[PDB]
Amino acid sequence: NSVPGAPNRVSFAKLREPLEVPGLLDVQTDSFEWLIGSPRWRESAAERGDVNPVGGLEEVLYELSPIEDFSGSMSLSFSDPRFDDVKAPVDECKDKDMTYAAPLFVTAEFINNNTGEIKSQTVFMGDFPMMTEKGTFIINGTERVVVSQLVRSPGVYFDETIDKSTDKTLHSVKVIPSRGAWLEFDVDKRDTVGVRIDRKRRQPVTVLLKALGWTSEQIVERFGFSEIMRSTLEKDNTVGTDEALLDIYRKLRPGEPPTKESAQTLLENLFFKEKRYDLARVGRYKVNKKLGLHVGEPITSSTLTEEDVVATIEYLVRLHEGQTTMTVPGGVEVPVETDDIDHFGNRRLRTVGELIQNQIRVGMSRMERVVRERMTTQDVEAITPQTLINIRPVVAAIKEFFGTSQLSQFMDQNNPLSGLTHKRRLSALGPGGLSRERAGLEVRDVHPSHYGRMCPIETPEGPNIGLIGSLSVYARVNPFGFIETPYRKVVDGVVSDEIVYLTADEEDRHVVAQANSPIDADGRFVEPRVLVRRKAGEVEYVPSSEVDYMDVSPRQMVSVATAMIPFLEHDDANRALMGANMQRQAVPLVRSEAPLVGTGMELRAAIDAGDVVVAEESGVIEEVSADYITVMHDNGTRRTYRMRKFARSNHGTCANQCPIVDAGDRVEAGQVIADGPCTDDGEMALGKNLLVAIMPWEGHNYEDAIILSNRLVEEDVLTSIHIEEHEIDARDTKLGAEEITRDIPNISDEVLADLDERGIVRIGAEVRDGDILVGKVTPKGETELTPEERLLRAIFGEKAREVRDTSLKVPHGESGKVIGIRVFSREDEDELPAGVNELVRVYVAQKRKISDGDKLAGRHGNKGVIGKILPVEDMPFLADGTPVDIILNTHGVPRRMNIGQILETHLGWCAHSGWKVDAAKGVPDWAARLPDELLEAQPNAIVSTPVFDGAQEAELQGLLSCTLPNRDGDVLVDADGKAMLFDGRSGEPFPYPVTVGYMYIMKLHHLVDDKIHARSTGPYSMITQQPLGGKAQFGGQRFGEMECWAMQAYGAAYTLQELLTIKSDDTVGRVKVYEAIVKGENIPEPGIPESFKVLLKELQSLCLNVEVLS
Amino acid sequence: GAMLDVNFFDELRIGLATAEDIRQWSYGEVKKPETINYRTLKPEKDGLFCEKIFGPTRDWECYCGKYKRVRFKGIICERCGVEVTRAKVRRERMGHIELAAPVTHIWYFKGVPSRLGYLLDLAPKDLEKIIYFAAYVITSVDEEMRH
Amino acid sequence: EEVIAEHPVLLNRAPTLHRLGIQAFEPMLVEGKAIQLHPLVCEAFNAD
Amino acid sequence: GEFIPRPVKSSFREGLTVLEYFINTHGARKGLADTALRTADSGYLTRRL
Amino acid sequence: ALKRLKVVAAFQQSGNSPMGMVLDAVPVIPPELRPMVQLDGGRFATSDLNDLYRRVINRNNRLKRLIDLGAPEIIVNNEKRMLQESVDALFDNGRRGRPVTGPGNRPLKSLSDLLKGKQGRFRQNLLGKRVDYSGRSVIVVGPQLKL
Amino acid sequence: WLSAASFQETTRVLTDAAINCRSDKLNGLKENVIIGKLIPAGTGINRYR
DNA sequence: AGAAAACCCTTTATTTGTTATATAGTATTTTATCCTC
DNA sequence: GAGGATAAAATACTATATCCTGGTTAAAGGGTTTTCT
RNA sequence: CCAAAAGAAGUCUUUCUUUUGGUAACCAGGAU
Ligand SMILES: [Zn+2]
């Protein structure tokens, strides 16, 4: 549509969108360039927040500096963070297992406050991992994604909880800071206002107020409008400020002698000295907004103040009093109401920059601790800024973050859509967020403030449902971490084109209409009554004069993955959730095909994911090949694009890239120049178009099972390539000298045929489980001084030749060609982990066809494993001899409420055959509002039905009534959309017509070949002698507690006794039963399991005298 | 009753163990914080893996190598002291550590309700003072010599 | 095919909520990698 | 849990609008979370019984 | 008195004495139940009980050496307190105070941890086991089969 | 004490069983499953065994 | 005989101190206050 | 006014279905030892 | 229970004898 070479996909959309879809990877990239402080972010903030532009690093270095000693006779300060160029390109870093990072330098200045001798230096602060142009990090070769975290913003939260004993309303307030100490004010069943500083027992608020320097006269002067505060003051029992300080000291400081100076200083230290208490800028902003204190002054300062505390107490007591609004002296009035903590005005987003800033902050705190401890144990005038700084904790924090965290994860690379979905994810679980096992049902709900900001459909189906969400298409995150959505403001009933981004609170104040409303070509609603959203998400019918805003489009409340489901509004939310979640499990196929009926989101999602090659500058193609494309730019310069051929992804799939241009074509900037894994000419192509029938067939498509044609196996329609990675390295060791070689002890030559002259197998050789990939031997150890042997070694010269082959064998259940071998070595001064001499990596590839038990799926949540694969002759075939490819059961459709698949089938038939609306005498009425150049289409036409503005039922019916014949003038599918099929197995025609069409089905990464496993006997564990677990070792299936209850219920005592003794851990029973079976004898009697004896020994180790009596 | 168990069980009895039972189960005393010699890869002596205490690491092979044959059985080498037998015995033989001071068991001190504080009638708060060297306790007094 | 004749095999689906989550069948060889289950035992196993 | 008094007025054959779809998701997700969280309580109860 | 009498009657009825609450020797579990195995490259994988036993042995040896050498009462009591804390960590790590942490600031697995929870000996290994002669796969529909 | 220790609160059951010096007669299904003996139900009782 | 680069041991210390997303259930110690003598 | 007995609150411990696979496994500092010049 | 080497017999490739060699916990992600 707005891409220079996109395919012509004609849309059914009736509406027009004013706003283009933003960059879909803007969250990550605009959050990181704020952290490092790029000029791009500087300009972006200038045209917005020019009042105070500062990056994350500069903020950390400003809050840290200066670092002073108690005497104040010397200080250390930091400034001007600076980055060098990256150490190596992205491709080299990924190939050689190097972290993609850049050096960081700061200017530390040391001042002696009694000699004025200033000493500045440039201090190296470590290597800082840098984000690539696709929103990912490259840590130790692998590609990672940092996920954005949904947390609760810091501020003041008022809530009311009923009381069981008295049936009274009990209000409360919590002042949650960033990295500080809490303090709650509450009204208990008795009419008194308490306080819980830090986390202690309730104390009257009067104690705190007096400790802050308030006389009993001032309190009753300002807080004289409530009976509760007077009641609390009267029964205070505390007179004098010092007494209040002492009481607070008693409560807070356990078992210490109270005094005046310590109590005076500790209270101000806890909440007012900003080294132990911070609110951030978001917290200060939220407190000022809730209480309305400083509307004008800019936010500089992050500590509490007496004004804030007194205002909070007054707000709480007036809320309990039942007031409506409150004005604070020196500040505008505000409404008095309780808070909802699940409101997207109270939940903010910690993006990829905020998290790294927090980690740098703790690292710098540790470093400054070391610095100020080291400033007192070194003699002055020998100190230089380089001898105080210890950079190791800082670099340690970064490593800990990027290696160990629940937000730093391996990038999801099942297919291109998976990674884009991974980068736009908002997870509520992490360090500092709630927990999967401790999350209720009120936080998993879809609050009405999510509209336009978090997609209500796309979320995990398991125990993570509701705790992980995804960002909508048009949403952006503002400077404080709050999500915004564009709205089209309507002035005096005229729908303008001024787009304004509103966060959930502003959207709360106003009244918002709907996108699919009847605009009359002049920005005027046809009727006065339109559905709107009122304050608490209420939906009503307001006359079209109060409306303030309208949505920029439908498809504003959905995310990227959910915007690719055609006919989404005909499917219930339960099945649409599955349809969106199963699109990121599809596996790339050997050849890709774009859907006949899409939604128009595929091109944008494909170009923004980044798996395609896009012309950086316009020019003319000079050379094309399977390996590269050379573009000749309009001005002299040339550029060569290299391709990724058969490269493994994080999940073991193929990552091909092939060109889609010829040697003479001219390309334009931003034009797709080479396809990717799951792209067909620049558009996402996750599956294939299959001819489908919707009948029950002989019980093989029974209960969600599926029937496939054998053509899909012969013609490699659903074939995929899977690649495996195997690693081994040679390490020094204390004994020394690990070696990769062909000379392996106790190995014959027949099992050393595929290996090349120096170990590793040859490229192209097919392997089976157990074959050796890299030959390797290590010292046998047991360095022993046996007289004759040792005296022969020492002077006579007998060699050690102690070897123990730790070779690399291909594990159980694996095979395929050897496509690549990557060998590192210390001889070539390659950067390897310390103590490693050599490192070799072998890639093994398989090509898998579709087979029974493999999982398939559509875009509407119609999953199911393949039940049978019929020969092409015994399948229902059309009157012209065309067999169907897939057969789906009827009983699954009407009960699940996903009728969108039937409409997709009808429109797919119409698109495949091509149509022509006969406007011989006037266009038909059903085709009146149908866009032009949709009145006719050629066979195999690609169309698009946007998610909430697509093809109506009347238009589908009309298109079905007029559809082109195939070769002879025969129309196979009638106006109802059904065809007369023949039974290819018996020969007779089926008595009634059946629904046929084209559906777009996907192959999911749940194949049987990874799921099948069996075991007679094999490896056993060590501590307990039970069999191992897992397919790669061998392992047995687990016979758990529930399966034991089932067998006890049946009454089968002998089966249960043998299963637990002579099949698991009866060490002599195992061998005896094997011998009895092979020799044809009777199975012997079981003994005692070994785990019971292990249990007895552990109990005895706990100093318990366990003994078995007779 | 049974010792190595032949499944003639009639009962399973649990109870507190005294020091005399602990040093009766034992086959030796561990008195060095060593596990294994990294170079020869053989267990050290008087360590956590000593072959004299816990038994041979290899079937019918002593530590010093004087005995290596099955014919030798049930005899303790006079040099290394390792008893020549099957290596499976390392799953069965226990040692013990002879503490230089008495130490309480945390199961009968901490677990709520405190069972030492019920046996002796002491609140847990001040029992923790006694057993962690944070206060003295009067264990005995003469009440007539006093008078 | 001679060995497996009239030798029962126990099939089990997790979670085994009740007794009929384990039942014994008579195996027969099939082409493929998937276990074929009778349609009239899915209510007992609760197996779609 | 209280009824929205609007109500949704379209069938899934006609296709719901954006607001109707939103207010329907409100209860759809509640239903899904209910199952997700009862699957474990059933097993704990059976284990105790 | 009703609560107290439970334990007092328990210690009264039986011939067992209450002195088993205070320990003078500690048993050591057989090596095969706390194994260290050779990972390729001269790297070993300890069982995480060896660290806890080593701490006990080190503290006991230091206290034993500080008594014969002669020292004030302050230092000897400090060593005894630390020895007391080591055995507590060996038997139940983290029930009193800060858990003893190994590499990566992860608490060690004490003896009590081998018995508790879904991953304890009982539920994990005694009541449910992995077995031989087993297999698994994906089920499909068998409309041609008999019942 | 074996069945109760394997059910819940292993540490508390074990400590109070040790203090009471309890003896287990091994008469239940779970206790016979743990030690590897034929359960006293169905086909494992003396009438049929 | 002295200097530099690689081993062996320890320990995550625990202050008159660097740590705030669960609820639901029961059980046991404080403790605070009220009632009585 | 003092002591005891009963509500209250405050901490302490315990539990939350089954199955599968994939990536990592210590750092940092002090004292010492050995080899090289 | 397997691999390698040597000796003997026959078959043209099996048997007999001797020697050597022979795992877990965390965190994370999915499925029903
Ligand atoms: Zn010997």
# chains A, B, ... in the order shown; residues from 1 in each chain; ligands from 1
>>> interface_residues(of="chain B", to="chain H", cutoff="12 Å", atoms="only C-alpha atoms (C1' of nucleotides)", output="VMD selection string")
chain B and resid 110 to 114
>>> closest_atom_pairs(of="chain B", to="ligand 1", cutoff="12 Å", atoms="only C-alpha atoms and all ligand atoms", output="CSV")
residue,atom,partner,partner_atom_place_in_ligand_line,distance
B:51,CA,ligand 1,1 (Zn),10.6
B:52,CA,ligand 1,1 (Zn),9.9
B:55,CA,ligand 1,1 (Zn),11.9
B:56,CA,ligand 1,1 (Zn),10.2
B:60,CA,ligand 1,1 (Zn),10.1
B:61,CA,ligand 1,1 (Zn),7.6
B:62,CA,ligand 1,1 (Zn),4.4
B:63,CA,ligand 1,1 (Zn),5.3
B:64,CA,ligand 1,1 (Zn),4.5
B:65,CA,ligand 1,1 (Zn),5.5
B:66,CA,ligand 1,1 (Zn),4.8
B:67,CA,ligand 1,1 (Zn),5.7
B:68,CA,ligand 1,1 (Zn),8.7
B:69,CA,ligand 1,1 (Zn),11.4
B:72,CA,ligand 1,1 (Zn),10.8
B:73,CA,ligand 1,1 (Zn),11.9
B:75,CA,ligand 1,1 (Zn),9.7
B:76,CA,ligand 1,1 (Zn),7.5
B:77,CA,ligand 1,1 (Zn),4.3
B:78,CA,ligand 1,1 (Zn),6.7
B:79,CA,ligand 1,1 (Zn),5.6
B:80,CA,ligand 1,1 (Zn),4.7
B:81,CA,ligand 1,1 (Zn),6.4
B:82,CA,ligand 1,1 (Zn),6.0
B:83,CA,ligand 1,1 (Zn),7.9
B:84,CA,ligand 1,1 (Zn),7.9
B:85,CA,ligand 1,1 (Zn),11.5
>>> residues_around(residues="residue 47 (chain C)", least_positions_apart="6", cutoff="12 Å", atoms="only C-alpha atoms (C1' of nucleotides)", output="ChimeraX atom specification")
/A:702-705 /C:11-16,20-21,36-41 /E:138-141 /I:32
>>> select_by_dssp(residues="chain E", states="alpha helix (DSSP H)", output="PyMOL selection string")
chain E and resi 2-13+50-68+73-91+121
>>> closest_atom_pairs(of="chain A", to="chain E", cutoff="8 Å", atoms="only C-alpha atoms", output="Markdown table")
| residue | atom | partner | partner_atom | distance |
| --- | --- | --- | --- | --- |
| A:699 | CA | E:143 | CA | 6.2 |
| A:700 | CA | E:141 | CA | 6.3 |
| A:701 | CA | E:141 | CA | 7.9 |
| A:702 | CA | E:141 | CA | 7.0 |
| A:705 | CA | E:140 | CA | 7.2 |
| A:730 | CA | E:41 | CA | 7.8 |
| A:731 | CA | E:41 | CA | 5.8 |
| A:732 | CA | E:41 | CA | 7.2 |
| A:733 | CA | E:42 | CA | 5.2 |
| A:734 | CA | E:42 | CA | 6.8 |
| A:735 | CA | E:42 | CA | 7.9 |
| A:738 | CA | E:41 | CA | 8.0 |
| A:778 | CA | E:41 | CA | 7.9 |
| A:806 | CA | E:40 | CA | 7.2 |
| A:852 | CA | E:140 | CA | 7.8 |
| A:853 | CA | E:138 | CA | 6.1 |
| A:865 | CA | E:140 | CA | 7.4 |
| A:866 | CA | E:140 | CA | 7.6 |
| A:867 | CA | E:140 | CA | 5.5 |
| A:1008 | CA | E:138 | CA | 6.6 |
| A:1011 | CA | E:137 | CA | 5.6 |
| A:1012 | CA | E:137 | CA | 4.4 |
| A:1013 | CA | E:135 | CA | 5.3 |
| A:1014 | CA | E:135 | CA | 3.9 |
| A:1015 | CA | E:133 | CA | 5.3 |
| A:1016 | CA | E:133 | CA | 4.3 |
| A:1017 | CA | E:132 | CA | 5.7 |
| A:1022 | CA | E:32 | CA | 7.8 |
| A:1023 | CA | E:33 | CA | 5.1 |
| A:1026 | CA | E:130 | CA | 6.5 |
| A:1027 | CA | E:130 | CA | 5.9 |
| A:1028 | CA | E:130 | CA | 7.4 |
| A:1029 | CA | E:130 | CA | 7.5 |
| A:1035 | CA | E:130 | CA | 7.7 |
| A:1036 | CA | E:131 | CA | 5.1 |
| A:1037 | CA | E:130 | CA | 5.5 |
| A:1038 | CA | E:130 | CA | 4.1 |
| A:1039 | CA | E:129 | CA | 5.4 |
| A:1040 | CA | E:128 | CA | 4.1 |
| A:1041 | CA | E:128 | CA | 5.3 |
| A:1044 | CA | E:128 | CA | 7.8 |
| A:1059 | CA | E:131 | CA | 6.6 |
| A:1060 | CA | E:129 | CA | 6.8 |
| A:1063 | CA | E:132 | CA | 5.1 |
| A:1064 | CA | E:131 | CA | 4.7 |
| A:1091 | CA | E:126 | CA | 6.5 |
| A:1092 | CA | E:126 | CA | 6.9 |
| A:1094 | CA | E:33 | CA | 7.6 |
| A:1095 | CA | E:121 | CA | 6.9 |
| A:1097 | CA | E:29 | CA | 7.0 |
| A:1098 | CA | E:29 | CA | 7.1 |
| A:1100 | CA | E:27 | CA | 7.8 |
| A:1101 | CA | E:27 | CA | 5.6 |
| A:1102 | CA | E:91 | CA | 6.8 |
| A:1103 | CA | E:27 | CA | 7.1 |
>>> write_last_selection(atoms="C-alpha atoms", output="PDB file, in the first residue's frame")
ATOM      1  CA  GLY A 699     -14.885 -41.581  11.636  1.00  0.00           C
ATOM      2  CA  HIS A 700     -11.252 -40.744  10.887  1.00  0.00           C
ATOM      3  CA  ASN A 701     -11.794 -37.026  11.527  1.00  0.00           C
ATOM      4  CA  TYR A 702     -13.443 -37.897  14.828  1.00  0.00           C
ATOM      5  CA  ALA A 705      -8.723 -35.415  14.142  1.00  0.00           C
ATOM      6  CA  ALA A 730      39.296 -29.243  24.304  1.00  0.00           C
ATOM      7  CA  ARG A 731      40.330 -27.975  27.744  1.00  0.00           C
ATOM      8  CA  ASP A 732      43.706 -27.892  29.494  1.00  0.00           C
ATOM      9  CA  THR A 733      42.835 -29.386  32.899  1.00  0.00           C
ATOM     10  CA  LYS A 734      45.335 -29.758  35.746  1.00  0.00           C
ATOM     11  CA  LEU A 735      46.612 -32.985  34.192  1.00  0.00           C
ATOM     12  CA  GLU A 738      43.023 -32.698  25.980  1.00  0.00           C
ATOM     13  CA  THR A 778      41.433 -36.854  27.723  1.00  0.00           C
ATOM     14  CA  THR A 806      35.252 -38.477  25.868  1.00  0.00           C
ATOM     15  CA  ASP A 852       0.080 -39.055  11.161  1.00  0.00           C
ATOM     16  CA  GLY A 853       0.122 -37.412  14.576  1.00  0.00           C
ATOM     17  CA  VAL A 865      -3.559 -33.853  14.875  1.00  0.00           C
ATOM     18  CA  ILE A 866      -3.525 -35.714  11.561  1.00  0.00           C
ATOM     19  CA  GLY A 867      -5.525 -38.909  11.920  1.00  0.00           C
ATOM     20  CA  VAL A1008       5.504 -36.815  16.382  1.00  0.00           C
ATOM     21  CA  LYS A1011       7.335 -37.194  20.805  1.00  0.00           C
ATOM     22  CA  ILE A1012       7.758 -40.971  20.352  1.00  0.00           C
ATOM     23  CA  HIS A1013       9.965 -42.905  22.760  1.00  0.00           C
ATOM     24  CA  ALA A1014      10.259 -46.452  24.111  1.00  0.00           C
ATOM     25  CA  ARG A1015      12.585 -48.379  26.421  1.00  0.00           C
ATOM     26  CA  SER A1016      13.162 -51.971  27.478  1.00  0.00           C
ATOM     27  CA  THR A1017      16.194 -51.339  29.706  1.00  0.00           C
ATOM     28  CA  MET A1022      23.321 -43.092  40.750  1.00  0.00           C
ATOM     29  CA  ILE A1023      22.028 -42.132  44.198  1.00  0.00           C
ATOM     30  CA  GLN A1026      15.906 -45.917  39.228  1.00  0.00           C
ATOM     31  CA  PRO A1027      15.879 -45.372  35.451  1.00  0.00           C
ATOM     32  CA  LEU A1028      16.734 -41.957  34.064  1.00  0.00           C
ATOM     33  CA  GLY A1029      14.282 -39.609  32.381  1.00  0.00           C
ATOM     34  CA  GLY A1035      14.755 -43.019  30.591  1.00  0.00           C
ATOM     35  CA  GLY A1036      11.457 -44.588  31.524  1.00  0.00           C
ATOM     36  CA  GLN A1037       7.949 -43.262  31.772  1.00  0.00           C
ATOM     37  CA  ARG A1038       6.946 -42.162  35.241  1.00  0.00           C
ATOM     38  CA  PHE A1039       4.420 -44.222  37.204  1.00  0.00           C
ATOM     39  CA  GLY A1040       3.189 -41.596  39.628  1.00  0.00           C
ATOM     40  CA  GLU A1041       0.944 -41.470  42.660  1.00  0.00           C
ATOM     41  CA  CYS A1044      -0.826 -46.126  41.829  1.00  0.00           C
ATOM     42  CA  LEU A1059       6.095 -52.084  38.512  1.00  0.00           C
ATOM     43  CA  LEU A1060       7.661 -50.600  41.661  1.00  0.00           C
ATOM     44  CA  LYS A1063      11.064 -52.505  36.832  1.00  0.00           C
ATOM     45  CA  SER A1064      12.459 -49.570  38.799  1.00  0.00           C
ATOM     46  CA  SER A1091      15.081 -46.057  47.472  1.00  0.00           C
ATOM     47  CA  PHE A1092      13.706 -47.383  50.769  1.00  0.00           C
ATOM     48  CA  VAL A1094      18.372 -44.681  50.808  1.00  0.00           C
ATOM     49  CA  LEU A1095      15.500 -43.252  52.871  1.00  0.00           C
ATOM     50  CA  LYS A1097      20.180 -43.942  55.587  1.00  0.00           C
ATOM     51  CA  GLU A1098      18.997 -40.333  55.267  1.00  0.00           C
ATOM     52  CA  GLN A1100      19.743 -42.124  60.273  1.00  0.00           C
ATOM     53  CA  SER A1101      21.834 -39.197  59.025  1.00  0.00           C
ATOM     54  CA  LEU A1102      19.256 -36.891  60.642  1.00  0.00           C
ATOM     55  CA  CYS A1103      20.112 -38.555  63.994  1.00  0.00           C
TER      56      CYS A1103
END
>>> residues_around(residues="residue 118 (chain B)", least_positions_apart="3", cutoff="12 Å", atoms="only C-alpha atoms (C1' of nucleotides)", output="list in words")
residues 108, 109, 110, 111, 112, 113, 114, 115, 121, 122, 123, 124 and 127 of chain B; 1, 2, 3, 4, 5, 6, 7, 8, 9, 10, 11 and 18 of chain E
>>> write_last_selection(atoms="N, CA, C and O atoms", output="short mmCIF file (atom, residue, chain, number, x, y, z; two decimals), in the first residue's frame")
data_model
loop_
_atom_site.label_atom_id
_atom_site.label_comp_id
_atom_site.auth_asym_id
_atom_site.auth_seq_id
_atom_site.Cartn_x
_atom_site.Cartn_y
_atom_site.Cartn_z
N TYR B 108 14.31 -30.10 67.67
CA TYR B 108 13.69 -30.05 68.98
C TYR B 108 13.87 -28.71 69.67
O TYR B 108 13.46 -28.56 70.82
N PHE B 109 14.47 -27.74 69.00
CA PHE B 109 14.64 -26.41 69.57
C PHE B 109 13.80 -25.39 68.81
O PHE B 109 13.10 -24.58 69.43
N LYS B 110 13.84 -25.43 67.48
CA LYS B 110 13.20 -24.37 66.70
C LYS B 110 11.74 -24.70 66.40
O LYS B 110 10.84 -23.91 66.70
N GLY B 111 11.50 -25.86 65.80
CA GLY B 111 10.17 -26.22 65.34
C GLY B 111 9.07 -25.88 66.33
O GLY B 111 9.13 -26.29 67.49
N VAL B 112 8.07 -25.13 65.88
CA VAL B 112 6.96 -24.70 66.73
C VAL B 112 5.97 -25.85 66.86
O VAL B 112 5.53 -26.41 65.84
N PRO B 113 5.58 -26.25 68.08
CA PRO B 113 5.98 -25.72 69.38
C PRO B 113 7.39 -26.17 69.75
O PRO B 113 7.77 -27.29 69.44
N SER B 114 8.18 -25.34 70.41
CA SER B 114 9.50 -25.76 70.84
C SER B 114 9.35 -26.87 71.88
O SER B 114 8.65 -26.71 72.88
N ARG B 115 10.01 -27.99 71.63
CA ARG B 115 9.88 -29.16 72.49
C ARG B 115 10.88 -29.18 73.63
O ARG B 115 10.58 -29.72 74.69
N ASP B 121 10.49 -26.03 80.25
CA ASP B 121 9.67 -24.87 80.63
C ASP B 121 10.46 -23.57 80.48
O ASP B 121 10.63 -22.80 81.43
N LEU B 122 10.94 -23.34 79.26
CA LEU B 122 11.66 -22.13 78.91
C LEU B 122 11.07 -21.55 77.64
O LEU B 122 10.85 -22.26 76.65
N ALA B 123 10.83 -20.25 77.65
CA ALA B 123 10.32 -19.60 76.46
C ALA B 123 11.36 -19.67 75.34
O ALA B 123 12.55 -19.53 75.60
N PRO B 124 10.94 -19.90 74.09
CA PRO B 124 11.94 -19.99 73.02
C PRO B 124 12.82 -18.76 72.91
O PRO B 124 14.01 -18.87 72.58
N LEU B 127 15.53 -19.24 75.36
CA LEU B 127 16.29 -20.44 75.05
C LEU B 127 17.28 -20.19 73.93
O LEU B 127 18.42 -20.70 73.98
N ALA E 1 -0.52 -26.35 80.81
CA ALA E 1 -0.16 -27.65 81.35
C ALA E 1 -0.58 -28.79 80.45
O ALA E 1 0.14 -29.78 80.35
N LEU E 2 -1.73 -28.67 79.77
CA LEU E 2 -2.14 -29.71 78.83
C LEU E 2 -1.15 -29.84 77.68
O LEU E 2 -0.84 -30.95 77.25
N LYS E 3 -0.67 -28.71 77.16
CA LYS E 3 0.32 -28.76 76.09
C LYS E 3 1.64 -29.31 76.60
O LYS E 3 2.27 -30.16 75.94
N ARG E 4 2.10 -28.86 77.77
CA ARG E 4 3.38 -29.31 78.29
C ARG E 4 3.36 -30.80 78.59
O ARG E 4 4.34 -31.51 78.35
N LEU E 5 2.25 -31.30 79.14
CA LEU E 5 2.19 -32.69 79.58
C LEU E 5 2.36 -33.67 78.43
O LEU E 5 2.79 -34.80 78.67
N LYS E 6 2.06 -33.27 77.19
CA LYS E 6 2.21 -34.19 76.07
C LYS E 6 3.65 -34.69 75.97
O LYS E 6 3.91 -35.90 76.03
N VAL E 7 4.61 -33.77 75.84
CA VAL E 7 6.01 -34.17 75.71
C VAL E 7 6.55 -34.78 77.00
O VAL E 7 7.37 -35.71 76.94
N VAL E 8 6.14 -34.28 78.17
CA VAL E 8 6.65 -34.83 79.42
C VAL E 8 6.21 -36.28 79.58
O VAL E 8 7.00 -37.14 79.96
N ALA E 9 4.94 -36.57 79.29
CA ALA E 9 4.46 -37.94 79.30
C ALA E 9 5.14 -38.79 78.23
O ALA E 9 5.43 -39.96 78.48
N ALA E 10 5.41 -38.22 77.05
CA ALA E 10 6.11 -38.97 76.02
C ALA E 10 7.49 -39.41 76.51
O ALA E 10 7.91 -40.55 76.29
N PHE E 11 8.21 -38.50 77.17
CA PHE E 11 9.54 -38.85 77.67
C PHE E 11 9.46 -39.69 78.94
O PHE E 11 10.45 -40.33 79.31
N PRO E 18 15.63 -38.12 77.37
CA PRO E 18 15.61 -36.87 76.61
C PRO E 18 16.99 -36.32 76.25
O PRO E 18 17.05 -35.32 75.52
#
>>> interface_residues(of="chain E", to="chain G", cutoff="9 Å", atoms="only C-alpha atoms (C1' of nucleotides)", output="compact mmCIF listing (two decimals) with C-alpha atoms, in the first residue's frame")
# COMPACT_ATOMS: atom_id res chain seq x y z
CA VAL E 100 24.26 -20.56 53.86
CA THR E 101 24.68 -19.85 50.15
CA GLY E 102 26.91 -21.46 47.56
CA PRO E 103 27.89 -20.21 44.11
CA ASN E 105 23.94 -16.84 46.02
>>> residues_around(residues="residue 4 (chain B)", least_positions_apart="4", cutoff="12 Å", atoms="only C-alpha atoms (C1' of nucleotides)", output="PyMOL selection string")
(chain A and resi 1087-1088+1090+1092-1093+1096-1097+1107-1109) or (chain B and resi 8-9+89+91-93)
>>> closest_atom_pairs(of="chain F", to="chain B", cutoff="10 Å", atoms="only C-alpha atoms", output="CSV")
residue,atom,partner,partner_atom,distance
F:1,CA,B:14,CA,8.7
F:2,CA,B:12,CA,8.7
F:11,CA,B:107,CA,7.9
F:12,CA,B:111,CA,7.6
F:14,CA,B:14,CA,8.5
F:15,CA,B:107,CA,6.8
F:16,CA,B:115,CA,9.1
F:17,CA,B:14,CA,6.8
F:18,CA,B:15,CA,4.1
F:19,CA,B:15,CA,6.4
F:20,CA,B:15,CA,7.3
F:21,CA,B:15,CA,4.6
F:22,CA,B:14,CA,5.9
F:23,CA,B:13,CA,4.3
F:24,CA,B:12,CA,4.9
F:25,CA,B:11,CA,4.7
F:26,CA,B:11,CA,6.4
F:27,CA,B:11,CA,9.6
F:35,CA,B:7,CA,8.7
F:36,CA,B:7,CA,8.8
F:37,CA,B:7,CA,8.2
